[PDB]
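*Asks:* Before anything else, here's the structure in question.
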Amino acid sequence: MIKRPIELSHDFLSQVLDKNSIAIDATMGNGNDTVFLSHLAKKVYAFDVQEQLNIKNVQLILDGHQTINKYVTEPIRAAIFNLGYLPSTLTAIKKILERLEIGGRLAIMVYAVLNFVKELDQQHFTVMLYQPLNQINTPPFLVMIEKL
Amino acid sequence: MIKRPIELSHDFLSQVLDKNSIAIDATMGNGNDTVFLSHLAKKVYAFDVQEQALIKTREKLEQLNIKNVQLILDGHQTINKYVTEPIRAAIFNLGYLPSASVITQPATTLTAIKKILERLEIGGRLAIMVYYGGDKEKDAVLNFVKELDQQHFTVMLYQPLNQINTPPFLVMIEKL
Ligand SMILES: Nc1ncnc2c1ncn2[C@@H]1O[C@H](CSCC[C@H](N)C(=O)O)[C@@H](O)[C@H]1O
């Protein structure tokens, strides 16, 4: 019953989203988070470098999430970011934090950024770590940021 | 609004408590967790090693006419000598109260955690607030809970990342 990090990431963003909010999905990929966010927000901007439900309130952008300041102009209520690469960003996060409205939230799922969020001024941002401690395979963890 | 670890601890425990439940306050202190627990649980066992803790907590129980709490002047490591029933929820608040210096200690802390985890009901929860020889206890608790078998326990860390002066953090444990 304890929430997995991925579940809390959704809850965290959902708690502040409404049909007046703009949301960002900085790491589109499969589109699962885009869909989740589209149902809760006025509009969603989604980004990926890689090129049905009649949604229509979503804009897909193909060009570095770090190019946010060139695509979205309005204040942002909620944003989700994925971090970490499978065996085979910092300016983006910074720009999102700047654009977040008061009470706005950024969720970073992690599968230099840590060093950066740790450095944020506690009077202007609350940054919390939510991390499984006893999982045998190294699981994803969540960094929750709320703009004060 | 984003919860402080202390606020999440209360939420985490209240979610599984009811008037059939036995609850443990392993570190009575001034009694604030004991009083909270007594409102939700069938019965509360609260432990401290300082007489002052029982005096202060007793005063709160009297004011509120609380009848379902047993105060115990003995280490939380002795819990099995006092508590026979399965436990639904438990809390620790580590590292000293404003009254001199009788801090919680690694061995006694871990012994109490182990016994409480053995006694928890399936679905039961243990909340540990870690204040930080602050660091030796911190490390010992982290090292202990990390080795809990994932098939039997889910262990989550809830910790502030951008605050100065080493703020306390929460370890949440749920028995599977
Ligand atoms: N072995 C033990 N068993 C039970 N209680 C203990 C103990 N060792 C220390 N304690 C008690 O644990 C309590 C910790 S209260 C500290 C809470 C936290 N630092 C805060 O600021 O709120 C103290 O009352 C102390 O007397």
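Numbering starts fresh at 1 for the residues of each chain in the structure tokens, the chains themselves are lettered A, B, ... in the order given, and ligands are numbered from 1 as they appear.
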Within region 17-63 of chain B, find each residue whose DSSP state, derived from the backbone, is helix (DSSP H, G or I), and express the selection as a compact mmCIF listing (two decimals) with N, CA and C atoms, in the first residue's frame.
*Replies:*
```
# COMPACT_ATOMS: atom_id res chain seq x y z
N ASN B 32 3.78 13.98 22.60
CA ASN B 32 2.93 14.39 21.48
C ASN B 32 2.50 13.23 20.53
N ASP B 33 3.40 12.29 20.24
CA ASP B 33 3.02 11.12 19.41
C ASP B 33 2.10 10.15 20.18
N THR B 34 2.32 10.05 21.49
CA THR B 34 1.52 9.17 22.34
C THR B 34 0.04 9.63 22.31
N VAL B 35 -0.17 10.93 22.47
CA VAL B 35 -1.51 11.48 22.45
C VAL B 35 -2.18 11.28 21.09
N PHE B 36 -1.45 11.58 20.01
CA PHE B 36 -1.93 11.36 18.64
C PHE B 36 -2.36 9.91 18.45
N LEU B 37 -1.48 8.99 18.83
CA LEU B 37 -1.80 7.58 18.65
C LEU B 37 -3.03 7.14 19.46
N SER B 38 -3.16 7.65 20.69
CA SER B 38 -4.25 7.19 21.54
C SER B 38 -5.62 7.51 20.94
N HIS B 39 -5.69 8.58 20.15
CA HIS B 39 -6.95 8.98 19.54
C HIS B 39 -7.40 7.98 18.47
N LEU B 40 -6.45 7.29 17.85
CA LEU B 40 -6.78 6.44 16.70
C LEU B 40 -6.78 4.95 17.04
N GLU B 51 12.33 9.92 33.53
CA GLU B 51 11.14 10.17 34.34
C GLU B 51 10.39 11.42 33.89
N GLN B 52 11.14 12.43 33.48
CA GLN B 52 10.58 13.68 33.00
C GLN B 52 9.61 13.46 31.83
N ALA B 53 9.93 12.52 30.94
CA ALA B 53 9.05 12.20 29.83
C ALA B 53 7.70 11.70 30.33
N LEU B 54 7.72 10.79 31.30
CA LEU B 54 6.46 10.27 31.82
C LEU B 54 5.68 11.35 32.55
N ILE B 55 6.38 12.20 33.28
CA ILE B 55 5.71 13.30 33.98
C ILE B 55 5.00 14.20 32.97
N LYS B 56 5.73 14.67 31.96
CA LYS B 56 5.12 15.53 30.95
C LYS B 56 3.97 14.84 30.20
N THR B 57 4.16 13.57 29.83
CA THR B 57 3.13 12.87 29.07
C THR B 57 1.88 12.60 29.91
N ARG B 58 2.10 12.17 31.14
CA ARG B 58 1.01 11.99 32.09
C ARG B 58 0.13 13.25 32.16
N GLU B 59 0.77 14.42 32.23
CA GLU B 59 0.02 15.67 32.31
C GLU B 59 -0.90 15.86 31.10
N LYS B 60 -0.40 15.52 29.92
CA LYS B 60 -1.23 15.62 28.72
C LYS B 60 -2.40 14.63 28.73
N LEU B 61 -2.13 13.40 29.16
CA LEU B 61 -3.18 12.38 29.24
C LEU B 61 -4.31 12.80 30.20
N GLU B 62 -3.93 13.38 31.33
CA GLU B 62 -4.90 13.84 32.32
C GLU B 62 -5.78 14.97 31.78
N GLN B 63 -5.16 15.98 31.17
CA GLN B 63 -5.89 17.09 30.58
C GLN B 63 -6.97 16.60 29.63
```
*Asks:* Using only C-alpha atoms, which residues sit within 12 Å of residue 112 (chain A) once same-chain residues fewer than 2 positions away are excluded, as a list in words?
*Replies:*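 These residues fall inside the cut-off: residues 83, 84, 89, 90, 91, 93, 114, 115, 116, 117, 118 and 119 of chain A.
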*Asks:* Counting only C-alpha atoms and all ligand atoms, which protein, DNA or RNA residues come within 6 Å of ligand 1, given as number ranges by chain?
*Replies:* B: 26-29, 47-50, 53, 75-76, 93-97, 102-104, 108, 131
*Asks:* Please report, as number ranges by chain, each residue of chain B to which DSSP assigns strand (DSSP E or B) when run on this structure's backbone.
*Replies:* B: 22-25, 43-48, 69-73, 87-93, 120-130, 153-160, 169-175
*Asks:* Of the candidates B:172, B:73, B:156, B:145, which one gets nearest to residue 140 (chain A) if we count only C-alpha atoms?
*Replies:*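 Among the listed residues, the smallest separation from residue 140 (chain A) belongs to B:156.
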*Asks:* What are the residues of chain A that have an atom within 12 Å of an atom of chain B, counting only C-alpha atoms, as a PyMOL selection string?
*Replies:* chain A and resi 1-5+8+11-13+15-16+102-106+113-148
*Asks:* Output N, CA and C atoms for every residue in that selection, as a compact mmCIF listing (two decimals), in the first residue's frame.
*Replies:*
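For reference, result-v4.txt as written:
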```txt
# COMPACT_ATOMS: atom_id res chain seq x y z
N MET A 1 0.82 -1.21 0.00
CA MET A 1 0.00 0.00 0.00
C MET A 1 0.85 1.26 0.00
N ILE A 2 2.07 1.18 0.54
CA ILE A 2 2.99 2.31 0.43
C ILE A 2 3.14 2.62 -1.05
N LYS A 3 3.19 3.90 -1.39
CA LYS A 3 3.28 4.30 -2.80
C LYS A 3 4.66 4.08 -3.40
N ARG A 4 4.71 3.46 -4.57
CA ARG A 4 5.96 3.40 -5.31
C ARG A 4 6.25 4.82 -5.79
N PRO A 5 7.54 5.15 -5.97
CA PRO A 5 7.97 6.45 -6.49
C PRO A 5 7.19 6.89 -7.73
N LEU A 8 3.76 7.99 -6.67
CA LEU A 8 3.79 9.27 -5.98
C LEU A 8 4.05 10.42 -6.95
N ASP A 11 0.65 11.26 -8.28
CA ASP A 11 -0.13 11.89 -7.21
C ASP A 11 0.33 13.32 -6.94
N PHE A 12 1.65 13.52 -6.92
CA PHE A 12 2.26 14.81 -6.60
C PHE A 12 1.83 15.88 -7.60
N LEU A 13 1.84 15.51 -8.88
CA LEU A 13 1.48 16.44 -9.94
C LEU A 13 -0.02 16.62 -10.03
N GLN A 15 -2.17 16.48 -7.72
CA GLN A 15 -2.68 17.28 -6.61
C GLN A 15 -2.75 18.78 -6.90
N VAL A 16 -1.98 19.26 -7.87
CA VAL A 16 -1.94 20.70 -8.17
C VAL A 16 -2.48 21.04 -9.57
N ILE A 102 4.22 29.99 -8.60
CA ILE A 102 4.20 29.78 -7.16
C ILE A 102 3.25 28.63 -6.87
N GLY A 103 3.71 27.65 -6.09
CA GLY A 103 2.94 26.46 -5.79
C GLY A 103 3.09 25.39 -6.88
N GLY A 104 3.85 25.71 -7.92
CA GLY A 104 4.05 24.76 -9.02
C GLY A 104 4.98 23.63 -8.62
N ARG A 105 4.89 22.51 -9.33
CA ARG A 105 5.63 21.31 -8.97
C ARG A 105 6.35 20.67 -10.15
N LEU A 106 7.57 20.22 -9.89
CA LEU A 106 8.33 19.45 -10.87
C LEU A 106 8.66 18.10 -10.24
N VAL A 113 22.55 16.76 -11.83
CA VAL A 113 21.21 17.23 -11.48
C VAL A 113 20.99 17.23 -9.97
N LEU A 114 21.29 16.11 -9.32
CA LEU A 114 21.20 16.04 -7.87
C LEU A 114 21.97 17.18 -7.19
N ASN A 115 23.22 17.37 -7.59
CA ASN A 115 24.02 18.47 -7.07
C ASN A 115 23.30 19.81 -7.22
N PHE A 116 22.60 19.98 -8.33
CA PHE A 116 21.89 21.22 -8.61
C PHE A 116 20.66 21.43 -7.74
N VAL A 117 19.78 20.43 -7.66
CA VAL A 117 18.56 20.59 -6.88
C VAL A 117 18.90 20.77 -5.41
N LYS A 118 19.96 20.11 -4.95
CA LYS A 118 20.38 20.25 -3.56
C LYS A 118 20.73 21.71 -3.25
N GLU A 119 21.21 22.42 -4.27
CA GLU A 119 21.69 23.79 -4.10
C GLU A 119 20.59 24.85 -4.10
N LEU A 120 19.38 24.45 -4.47
CA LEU A 120 18.27 25.40 -4.54
C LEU A 120 18.02 26.03 -3.17
N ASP A 121 17.70 27.32 -3.17
CA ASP A 121 17.40 28.04 -1.94
C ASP A 121 16.11 27.54 -1.28
N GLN A 122 16.23 27.12 -0.03
CA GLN A 122 15.11 26.50 0.68
C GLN A 122 13.95 27.45 0.96
N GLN A 123 14.20 28.75 0.83
CA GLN A 123 13.15 29.74 1.02
C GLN A 123 12.28 29.88 -0.22
N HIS A 124 12.77 29.38 -1.35
CA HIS A 124 12.06 29.48 -2.62
C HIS A 124 11.66 28.13 -3.24
N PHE A 125 12.27 27.05 -2.77
CA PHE A 125 11.94 25.71 -3.27
C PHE A 125 12.05 24.70 -2.14
N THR A 126 11.13 23.75 -2.11
CA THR A 126 11.28 22.58 -1.26
C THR A 126 11.60 21.39 -2.16
N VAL A 127 12.71 20.72 -1.88
CA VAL A 127 13.13 19.56 -2.67
C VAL A 127 13.21 18.34 -1.75
N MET A 128 12.41 17.32 -2.05
CA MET A 128 12.35 16.10 -1.25
C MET A 128 12.76 14.88 -2.07
N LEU A 129 13.47 13.97 -1.42
CA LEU A 129 13.86 12.69 -2.00
C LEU A 129 12.90 11.62 -1.48
N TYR A 130 12.42 10.77 -2.38
CA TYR A 130 11.55 9.64 -2.01
C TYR A 130 12.14 8.41 -2.70
N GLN A 131 12.79 7.57 -1.91
CA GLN A 131 13.64 6.52 -2.45
C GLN A 131 13.52 5.20 -1.71
N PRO A 132 13.30 4.10 -2.46
CA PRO A 132 13.26 2.75 -1.86
C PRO A 132 14.64 2.42 -1.33
N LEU A 133 14.72 1.81 -0.16
CA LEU A 133 16.01 1.52 0.44
C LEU A 133 16.39 0.04 0.39
N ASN A 134 15.40 -0.85 0.32
CA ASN A 134 15.69 -2.28 0.45
C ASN A 134 15.38 -3.13 -0.78
N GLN A 135 15.35 -2.49 -1.96
CA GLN A 135 15.12 -3.22 -3.21
C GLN A 135 16.41 -3.83 -3.72
N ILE A 136 16.36 -5.08 -4.18
CA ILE A 136 17.57 -5.79 -4.55
C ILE A 136 18.12 -5.34 -5.91
N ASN A 137 17.23 -5.11 -6.87
CA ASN A 137 17.63 -4.52 -8.15
C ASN A 137 17.46 -3.01 -8.00
N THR A 138 18.47 -2.23 -8.39
CA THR A 138 18.44 -0.79 -8.13
C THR A 138 17.26 -0.12 -8.82
N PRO A 139 16.26 0.29 -8.03
CA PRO A 139 15.00 0.80 -8.54
C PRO A 139 15.06 2.31 -8.80
N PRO A 140 14.02 2.84 -9.46
CA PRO A 140 13.93 4.27 -9.74
C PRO A 140 13.62 5.02 -8.46
N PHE A 141 14.03 6.28 -8.36
CA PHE A 141 13.61 7.07 -7.21
C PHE A 141 13.08 8.43 -7.66
N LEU A 142 12.43 9.14 -6.75
CA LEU A 142 11.73 10.36 -7.09
C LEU A 142 12.30 11.55 -6.34
N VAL A 143 12.52 12.64 -7.07
CA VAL A 143 12.82 13.95 -6.49
C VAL A 143 11.61 14.85 -6.74
N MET A 144 11.03 15.35 -5.65
CA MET A 144 9.84 16.17 -5.72
C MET A 144 10.28 17.60 -5.45
N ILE A 145 9.96 18.51 -6.37
CA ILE A 145 10.27 19.93 -6.16
C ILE A 145 8.99 20.75 -6.18
N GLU A 146 8.79 21.54 -5.13
CA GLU A 146 7.67 22.47 -5.07
C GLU A 146 8.18 23.89 -4.97
N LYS A 147 7.71 24.77 -5.86
CA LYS A 147 8.10 26.18 -5.80
C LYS A 147 7.26 26.92 -4.76
N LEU A 148 7.93 27.58 -3.82
CA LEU A 148 7.27 28.18 -2.67
C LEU A 148 6.77 29.59 -3.00
```
*Asks:* I need the residue nearest residue 167 (chain B) from this list: B:77, B:13, B:6, B:31. Use only C-alpha atoms for the distance.
*Replies:*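 Once distances to residue 167 (chain B) are computed over only C-alpha atoms, the minimum belongs to B:6.
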*Asks:* Here is a test: counting only C-alpha atoms, which residue of A:19, A:65, A:95, A:39 is nearest to residue 82 (chain A)?
*Replies:*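 Closest candidate: A:65.
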*Asks:* Write out as a ChimeraX atom specification the residues lying within 7 Å of residue 45 (chain B), counting only C-alpha atoms and excluding same-chain residues fewer than 4 positions away.
*Replies:* /B:23-25,69-71
*Asks:* With distances taken over only C-alpha atoms, which residue among B:129, B:110, B:44, B:79 lies nearest residue 67 (chain B)?
*Replies:*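 Using only C-alpha atoms, the shortest distance to residue 67 (chain B) belongs to B:44.
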*Asks:* One decimal, in Å: what's the spacing between CA of residue 18 (chain B) and CA of residue 41 (chain B)?
*Replies:* 5.2 Å
*Asks:* Do you know which residues are at most 12 Å from residue 32 (chain A) counting only C-alpha atoms, after dropping those on the same chain fewer than 4 positions away, and could you put them as number ranges by chain?
*Replies:* A: 6, 10, 25, 27-28, 36-39, 46, 80
*Asks:* Which value, in Å to one decimal, gives the distance between CA of residue 30 (chain B) and CA of residue 122 (chain B)?
*Replies:*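 Here the two named atoms are 29.7 Å from each other.
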*Asks:* In Å, how far is it from CA of residue 91 (chain B) to CA of residue 78 (chain B)?
*Replies:* 15.3 Å
*Asks:* Would you list the contacts of residue 21 (chain A) as a PyMOL selection string, taking every protein, DNA or RNA residue within 6 Å and counting only C-alpha atoms, but skipping same-chain residues closer than 2 positions in sequence?
*Replies:* chain A and resi 17-19+41-42+77
